[PDB]
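Heads up, the chain shows up twice below as structure tokens, two forms, tagged structure 1 and structure 2.
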Structure 1
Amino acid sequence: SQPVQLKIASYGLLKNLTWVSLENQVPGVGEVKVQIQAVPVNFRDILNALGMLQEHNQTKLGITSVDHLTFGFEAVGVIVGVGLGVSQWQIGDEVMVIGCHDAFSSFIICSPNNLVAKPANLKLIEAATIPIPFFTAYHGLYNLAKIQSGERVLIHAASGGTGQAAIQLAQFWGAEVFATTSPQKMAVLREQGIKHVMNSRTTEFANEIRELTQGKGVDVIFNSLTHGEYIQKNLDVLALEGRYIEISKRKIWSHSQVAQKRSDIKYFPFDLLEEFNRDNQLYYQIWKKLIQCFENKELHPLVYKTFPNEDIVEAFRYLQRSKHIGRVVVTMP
């Protein structure tokens, strides 16, 4: 059809998602225009559609009203315009886009610092599964937690995109992986070679890990569940001087609050987009290492299901339900 951008007419219902006309934009100094070909849905997109991040988005981002909210944090596509002062990108170049906020658009304008090259051995669509999960998992496990061979790591929500990336990375580095997921998905995790798999929908994992480790706990926790009593349960299973990586957005504890309960542990709450704001070379730097792993087949793209963009509402619901392991990738016309 015509150039479009995904919007939500008002907060609270996924059926309110609408493709609206997208006016043409020219890239300015230090900007590139990218024609989008495929975009994964992220859970943050669903929370935003539901209006569950209104406080967060108002303060840190420009978002005062639903009419300034856009969707999509990563994509794959082709460079179609190059602004003044941009070198080493050319029209026609295939790129992965990481860390935008409007990927669900026919075209986006962004910094070259948000672009990385596709591993040439992968199909474009496969490559779309990589950016948010692997950059988030690498940043948390390596840049922050500094995970070592032989250490025990608990990866929560391990069937989701980021959790799946974190399994691949932790296993590559030779950590002992403990995982939580929904009971229905435990069987698939087991066959990825995970020895210890537990229920993500109760706090029963605390006692189970205590028993499994005979009171020693785990060295690293990679968490995305904070609702209710999960944060405190995580603190209870963390080994002495362990590292707690927190990527949840709603209701997280401060460093001081964490220190009140466990003064010995390192605490890493983070948002990948804020970390890029601190260091605009973050994606370039991570990808310098990661692209080689994907080229050597040491890491691999994630399971996915595709949907055409006209089926955007069903694509969102399909991820919200997550009956099976798999990212949801939407193709653009």
Structure 2
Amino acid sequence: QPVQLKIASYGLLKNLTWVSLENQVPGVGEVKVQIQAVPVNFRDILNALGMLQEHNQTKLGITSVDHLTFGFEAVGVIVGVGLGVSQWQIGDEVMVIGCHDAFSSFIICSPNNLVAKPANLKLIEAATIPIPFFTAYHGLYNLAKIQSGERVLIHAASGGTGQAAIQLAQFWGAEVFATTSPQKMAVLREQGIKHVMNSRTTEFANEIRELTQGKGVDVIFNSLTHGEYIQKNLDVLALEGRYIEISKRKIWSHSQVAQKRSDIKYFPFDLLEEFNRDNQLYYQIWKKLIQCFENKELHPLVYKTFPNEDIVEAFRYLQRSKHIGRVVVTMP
């Protein structure tokens, strides 16, 4: 039977429940997609604990917990195409990007939220691509315009977004500086990274200064904003350096960054907010990425799989944050 992931109250992961999902028909300009695998995102956990209640009320129409759905991306198969849509047909194997209800048996979404799956990949492999690689690409290339020979710092680089940025930075000839937790350090060293440091301490700043002779890095790809992490990031940022902030939680404003370092370009961005302004964004990024995956120059991320029945433990596993890469749920 068709189902949707819901929570009857905020604060505890235990109450994540698959509730009956009523059939929906794709109207004009709409596509119906049969969901086959869904990664758990960091923001999914935040919502489950009820930590974006204002954000969800202001920027979206979520007034109560009963209106909350889960899932920001997926892979699946087109089962219904509404009128007006010309680029899609039933049977097309697609990745979904930027929906809010991917943890459902079926979703109705725009054809602008869909890209073609690379045919040489498995469905489950392709599920590791959308948010990580589109966020990494937009931040590093679209905004920061990183070039070869440049040095880039990627924080918490064992996660989904950090792992994609690693692949992109190296393929673009940049020199990667990574930080991760101690028990993940070997794996990242073994991924092909010369400079692996601790994401859990602020002492990375001093280490970077020494490895670079005061220069620091031209680009930071950052998602850590607690304590004195932002100030420490500014210290390691070179003259004219570029600050990609993807946190979306308690970030510095443009003048606050200008107060400290006027030379640097500050790039705070929310990917789905960027699609809101330009509905072509996913299409363009993917056009610049699909050939790399086709020619096996870029690869799916490392992932662990959970069945849908164990959704709670899939969420808990991402919450404990001991993973490298992606956590992916298969659907029934």
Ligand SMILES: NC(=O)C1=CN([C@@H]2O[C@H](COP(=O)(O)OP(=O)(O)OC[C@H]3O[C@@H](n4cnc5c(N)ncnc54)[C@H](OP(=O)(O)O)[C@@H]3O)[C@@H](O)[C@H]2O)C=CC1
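Residues that one form lacks are left out of the comparison. Residue positions are counted from 1 along structure 1's sequence. So that the term is clear: the rigid core is the largest set of C-alpha atoms that superpose within 1.5 Å between two forms.
- Shown second, as structure 2, is the form solved in complex with this ligand.
- Taking the core as the reference frame, the CA atom of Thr213 shifts 1.1 angstrom between structures 1 and 2.
- When the rigid core is fitted, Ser322 shows a C-alpha shift of 2.9 Å between structures 1 and 2.
- In the rigid-core superposition between structures 1 and 2, residue position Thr180 carries a C-alpha shift of 0.6 Å.
- Once the core is fitted, the segment that moves between structures 1 and 2, counting only runs of three or more residues with each CA displaced by at least 2 angstroms, is 322 to 324 alone.
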